[PDB]
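Undergrad: Dropping the structure in here first, questions after.
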Amino acid sequence: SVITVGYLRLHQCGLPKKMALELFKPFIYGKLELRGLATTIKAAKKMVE
Amino acid sequence: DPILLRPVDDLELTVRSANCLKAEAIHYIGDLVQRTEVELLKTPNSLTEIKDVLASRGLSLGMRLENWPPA
Amino acid sequence: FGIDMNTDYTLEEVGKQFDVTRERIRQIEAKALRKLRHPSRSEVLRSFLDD
Amino acid sequence: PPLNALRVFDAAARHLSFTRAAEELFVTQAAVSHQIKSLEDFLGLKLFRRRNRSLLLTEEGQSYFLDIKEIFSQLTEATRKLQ
């Protein structure tokens, strides 16, 4: 993605909220079953969509 | 209650018991729990089975319910 | 259904092992189906219809 | 001839088979013959033509089939008397 200036602290980076769900999609799937909100991975992907 | 809206097939009851309630057209679990033991002994083909099959389900006959059926 | 094996077995294939009952193995399968058709165990399996 | 056999014969004819007379008889298909076999001892004669695919209506069986309708039609009369 393009870069832009930040108030941010030296250890912090500004992520676009839209790319995070795409990048961490397997992480969302993994922690979603742990939360018990999706019985199956198909429902996990459906509610992510 | 998540059990009231289900039919009588969610009990895994004996075939002798699975057929007796169909005579009186029992459709809901609520329908069978409204009627008490003092009138369900009339139907032929239970007294030593229904209490124990229903206790494990967290239910027992003789409870009073309103707005039934809610459809 | 040959689950966890290399192949499945038909009615007579399992009949020659336990009992030569033809329709009775079939009704054992039907009993298994109605056991698995119950809304007591099928709740999670029903989710696998769209794949 | 028990009155339990009274309601297993009337459903047999209109359902054209002993096993097919079970859905509206709130009973399985096995018991429908358990009363009929006793009928061939108290009364002691055939009612239906027992075949693999279906059953052939017998003249005597229909005579009882109408007799079962006399027994129930007046049984309804006692029923609507309560009604």
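Chains as they are written, first to last, in the deposited numbering: chain D, 353 to 358, 360 to 402; chain I, 250 to 294, 299 to 324; chain F, 563 to 613; chain J, 6 to 88. Beta carbons are placed, not taken as given, at the ideal position from N, Cα and C, and that holds for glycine.
(1) Touching or not, the region 28-42 of chain J and the region 263-281 of chain I, by the rule of three or more beta carbon pairs under 8 angstroms?
(2) Can you have a look at residue 23 of chain J and say buried or exposed, based on whether 16 or more other CB atoms are within 10 angstroms of its CB?
(3) Can you check the region 21-59 of chain J for any alpha helix (DSSP H) of at least 4 residues that lies completely inside it and give the ranges in chain order?
(4) For residue 280 of chain I, I'd like the list of residues in its chain whose CB is within less than 6 angstroms of its CB, leaving aside the five on either flank, ordered along the chain.
(5) At a cut of 8 angstroms, does the region 305-312 of chain I reach the region 568-586 of chain F through at least three beta carbon pairs?
(6) Starting from residue 277 of chain I, follow its DSSP beta bridges and name the residues at the other end.
(7) Please classify residue 361 of chain D: does DSSP put it in a helix, a strand, or coil?
(8) Quick one, are the C-beta atoms of residue 587 of chain F and residue 573 of chain F less than 8 angstroms apart?
(9) Could you please give me the residues that DSSP links to residue 61 of chain J through a beta bridge?
(10) Please state if the CB of residue 10 of chain J and the CB of residue 66 of chain J are separated by a distance shorter than 8 angstroms.
(11) Only counting the same chain, and skipping five residues up and downstream in sequence, which positions put a Cβ closer than 8 angstroms to that of residue 91 of chain J?
(12) Straight-line CA distance for residue 597 of chain F to residue 56 of chain J?
(13) Which value, in whole angstroms, describes the spacing of the CA atoms of residue 83 of chain J and residue 44 of chain J?
(14) For residue 260 of chain I, count the other beta carbons within 10 Å of its own beta carbon; 16 or more makes it buried, fewer makes it exposed. Which is it?
(15) Please state if the CB of residue 563 of chain F and the CB of residue 393 of chain D are separated by a distance shorter than 8 angstroms.
(16) Quick one: which chain F residues come within Cβ less than 8 angstroms of residue 395 of chain D?
(17) Within a Cβ cutoff of 8 angstroms, which residues of the same chain sit near residue 295 of chain I, ignoring the five residues on either side of it in sequence?
(18) Kindly give me the distance between the Cβ atoms of residue 401 of chain D and residue 376 of chain D, rounded to whole angstroms, as I take these residues to be in contact under 8 angstroms.
(19) Against chain I, which members of the region 595-606 of chain F pass a CB distance test of less than 7 angstroms?
(20) Interface residues of chain F around residue 259 of chain I at Cβ under 9 angstroms?
(21) Quick test of your reading: residue 292 of chain I and residue 315 of chain I, contact by CB under 8 angstroms. State the CB separation rounded to the nearest angstrom.
(22) Round the Cβ separation of residue 277 of chain I and residue 256 of chain I to the nearest angstrom and send it over; I've been treating them as touching at under 8 angstroms.
TA: Taking the structure as given:
(1) yes
(2) Taking the fourth sequence and counting its residues from 1, one reaches residue 23 of chain J at position 18. Classification of residue 23 of chain J: buried, given that the 10 Å Cβ count is 16 or more.
(3) 36-47
(4) Indexing the second sequence from 1 puts residue 280 of chain I at position 31. No residues qualify anywhere along the chain.
(5) no
(6) As a first step, residue 277 of chain I is located in the second sequence; it is residue number 28 there, counting from the start. Note: residue 277 of chain I sits in a beta bridge opposite I:256.
(7) Position 8 of the first sequence holds residue 361 of chain D. Correct three-state label for residue 361 of chain D: coil.
(8) As a position in the third sequence, residue 587 of chain F is number 25, starting the count at 1. As a position in the third sequence, residue 573 of chain F is number 11, starting the count at 1. Yes, the Cβ-Cβ distance between residue 587 of chain F and residue 573 of chain F is below 8 angstroms.
(9) Here residue 61 of chain J refers to the residue found at position 56 when the fourth sequence is read from its first residue. J:54.
(10) As a working note, residue 66 of chain J is residue 61 in the fourth sequence. As a working note, residue 10 of chain J is residue 5 in the fourth sequence. No; because the gap between Cβ atoms is not below 8 angstroms, this pair is not in contact.
(11) Beyond the ends of chain J as shown, which are 6 and 88, falls residue 91 of chain J; an answer cannot be given.
(12) On the third sequence, position 35 is the one that residue 597 of chain F refers to. On the fourth sequence, position 51 is the one that residue 56 of chain J refers to. Each residue's alpha carbon lies about 33 angstroms from the other.
(13) If you number the fourth sequence from 1, residue 83 of chain J lands on position 78. If you number the fourth sequence from 1, residue 44 of chain J lands on position 39. Spanning the two alpha carbons is a distance of roughly 26 angstroms.
(14) Here the question's residue 260 of chain I lines up with position 11 in the second sequence. Label assigned to residue 260 of chain I: buried.
(15) Working through the first sequence from its first residue, we reach residue 393 of chain D at position 40. Working through the third sequence from its first residue, we reach residue 563 of chain F at position 1. It is not a contact, given that the beta carbons lie outside the stated cut-off.
(16) The residue labelled residue 395 of chain D in the question sits at position 42 within the first sequence. Near residue 395 of chain D (Cβ distances below 8 angstroms), the residues of chain F are 609, 610, 612 and 613.
(17) No coordinates exist for residue 295 of chain I in the structure shown, because the numbering of chain I passes directly from 294 to 299.
(18) Sequence index remark: in the first sequence, residue 401 of chain D carries index 48 (1-based). Sequence index remark: in the first sequence, residue 376 of chain D carries index 23 (1-based). That belief does not hold up - the Cβ atoms of residue 401 of chain D and residue 376 of chain D are roughly 13 angstroms apart, past 8 angstroms.
(19) 600, 601 and 602
(20) The sequence position of residue 259 of chain I within the second sequence is 10, counting from 1. Ordered by position in chain F, the residues that pass the 9 angstroms Cβ test against residue 259 of chain I are 600, 601 and 602.
(21) The residue labelled residue 292 of chain I in the question sits at position 43 within the second sequence. The residue labelled residue 315 of chain I in the question sits at position 62 within the second sequence. 17 angstroms between Cβ atoms; not a contact.
(22) As a working note, residue 277 of chain I is residue 28 in the second sequence. As a working note, residue 256 of chain I is residue 7 in the second sequence. Residue 277 of chain I to residue 256 of chain I, Cβ: 6 angstroms. Contact.
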